[PDB]
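Report on the following structure.
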Amino acid sequence: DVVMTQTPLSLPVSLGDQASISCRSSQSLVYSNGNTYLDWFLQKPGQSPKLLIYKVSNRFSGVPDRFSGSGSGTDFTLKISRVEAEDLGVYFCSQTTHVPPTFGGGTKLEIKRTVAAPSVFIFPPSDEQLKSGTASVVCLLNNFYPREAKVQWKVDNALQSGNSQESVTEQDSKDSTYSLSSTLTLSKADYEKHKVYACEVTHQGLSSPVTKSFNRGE
Amino acid sequence: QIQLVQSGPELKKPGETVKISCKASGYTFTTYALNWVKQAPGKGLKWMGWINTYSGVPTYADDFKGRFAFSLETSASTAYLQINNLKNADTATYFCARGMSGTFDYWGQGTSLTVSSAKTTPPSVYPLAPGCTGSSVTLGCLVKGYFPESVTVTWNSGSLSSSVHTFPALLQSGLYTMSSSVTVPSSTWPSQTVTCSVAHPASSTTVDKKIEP
Amino acid sequence: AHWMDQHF
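Protein chains in written order, with the deposited numbering: chain L, 1 to 218; chain H, 1 to 132, 136 to 216; chain A, 300 to 307.
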């Protein structure tokens, strides 16, 4: 199946600026009749995709003049000449040249603002949860920008990947920041055996991780 | 004036069957293909196949052979998607889309399907408190093991201003978990009471949890 | 000519 790769995964813009989004296919999208079946869609949260551009460069009726498409073969671009608030959302390319039709992973058009480090907070399991046999360690990473972040859990210095659950907010309307909650869920037995619990936050704003840690015995 | 209107949200258990509809208006239904597309929460769109609305012949993508059936009520300009022997991984929004000249030009609004073995289940609410500092302090509540969606976390504090975040729920092993944080001046906690009040209207359950050091 | 077309 044809792989559709979009760049970038997130595009920060100021309202009124131009935006450009790229879609690259793993094979030519020229069909045997000479047509290129490459289309562009906008999807807003909780809504269906809306067609913008079809067959590379044809604007769908009802779509504002500020959207245009270009490209050929395996390399395609959607441009917005002057971005408006109604244009924020996720942009996807599709191909139907090859069966099965496939879609790009999406490019989120978001608001640009200055970079900001996360405020990182760690919390031990509650006595309530431990009574039920369970032990969640939680790390909030709040009000950071840009969205790209990596969180690593360690127990007694050793990386733990299993039983980690992460949840990311959408871009905040007040701040234009992002926030993330990361939860490491253990058994009470496991929690009460190990001693040191650490969440490590890798973000563009720091060359070394932000590290929050506690010792159970403390 | 072209529109595709889908049936409403579904909650089903593993092993059950579901039928989703897509009613077309504003064009001749039998002139154009109808396609089905899956969108699992935070996953890429996946094409499931199409039905020829004139012949009635369905074509299934390779991951949708076996438990998926496309059918028509041509008389009602309506297409149907049936999913049998439901799996947890069928949790997704399903879309119908018209195919005209190689383009998915009009989409249905989507039908949310949630698959879980869970009956209606209230959340457990766990306080998140710092535990052996700065000008502000962040507290939270972890809301775990509930079904179905709809919880709210409402914070009360001794602070005139606060900053709250609500973290979207995730489904794991048929139950949801979410969390919420509040940030207040350190002068207001622990000296004043902070509580999170967690409502789950579907189970008519409200839990108020006071945040202690 | 497109594989999803229903009528010539």
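Don't be surprised by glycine CBs; every beta carbon is placed ideally from N, CA and C.
For L/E218, the chain H residues whose C-beta falls within less than 7 Å of its own C-beta are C132, listed in chain order.
Rounded to whole angstroms, the gap between the alpha carbons of L/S161 and H/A24 is 47 Å. Residue H/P14 holds the alpha-carbon nearest to the alpha-carbon of H/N84 among H/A76, H/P14, H/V187. By the C-beta criterion, the stretch 194-207 of chain L is judged not to be in contact with the stretch 57-66 of chain H, since fewer than 3 inter-stretch pairs fall below 8 Å. Note: L/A198 is bridge-paired with L/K154, L/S213 in the DSSP secondary-structure output. Shown in chain order are the members of the stretch 139-152 of chain L whose Cβ falls below 9 Å from a Cβ of chain H: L140, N142, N143. Chain-ordered, the chain A residues with CB closer than 8 Å to the CB of L/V99 read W302. H/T78 has a beta carbon lying at 8 Å or more from every beta carbon in chain L. Proximity of L/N58 to chain A, defined by a Cβ-Cβ separation below 8 Å, is not satisfied.
At a beta-carbon threshold of 9 Å, the residues of chain L lying near H/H168 are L140, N142, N143, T169, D172, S179, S181, ordered along the chain.
The beta carbon of H/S124 sits closer than 8 Å to some beta carbon of chain L. Assignment of L/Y37 by DSSP, reduced to helix, strand and coil, places it in the coil class. A contact is defined here as three or more CB-CB pairs under 8 Å, and the stretch 146-163 of chain H meets this definition with respect to the stretch 196-211 of chain H.
Taking the C-beta atoms as reference points, L/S136 is found nearer than 8 Å to L/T185. As for any beta strand (DSSP E) of minimum length 3 sitting wholly inside the stretch 81-136 of chain L, the runs are 89-95, 107-111, 119-123, ordered along the chain. Between H/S160 and H/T209, the CB-CB gap reaches or exceeds 8 Å. The Cβ of L/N163 sits no closer than 8 Å to any Cβ of chain A. Judged by their CB atoms, H/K19 and H/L86 are not nearer to each other than the 8 Å cut-off.
Excluding its 5 nearest sequence neighbours in each direction, H/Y126 has C-beta neighbours in its own chain below 6 Å: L145, listed in chain order. Only exposed fits L/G217, as fewer than 16 other CB atoms lie within 10 angstroms of its CB. In summary, the residues of the stretch 28-57 of chain H whose CB is separated from some CB of chain A by less than 9 Å are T30, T31, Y32, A33, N35, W50, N52, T53, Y54, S55, in the order they occur in the chain. Secondary structure note for H/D105: its beta strand (DSSP E) is the uninterrupted segment 103-107. When DSSP states are grouped into helix, strand and coil, H/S25 belongs to the strand group. Interface with chain A (8 Å Cβ-Cβ cutoff): L/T96 is included. Contact residues of the stretch 79-106 of chain H toward chain A are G99, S101, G102 (C-beta to C-beta distance below 8 Å).
Interface flag for H/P151 against chain L is unset, since no Cβ pair is found closer than 8 Å.
In the structure shown, the three-state DSSP call for L/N143 is strand. Not a single C-beta of chain H is nearer than 8 Å to the C-beta of L/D75. Per the Cβ contact rule, the stretch 171-185 of chain L is in contact with the stretch 137-157 of chain L (3 or more Cβ pairs under 8 Å).
Rounded to whole angstroms, the Cβ separation of L/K174 and L/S14 is 17 Å, and the two are not in contact under 8 Å. With a threshold of 16 other beta carbon atoms within 10 Å, H/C132 falls short and is exposed. Annotation for L/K193: the continuous alpha helix (DSSP H) segment containing it runs 188-193. Neighbours of L/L51 in chain H, taken as residues whose beta carbon is under 9 Å from its own, are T103, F104, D105, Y106, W107 in chain order.
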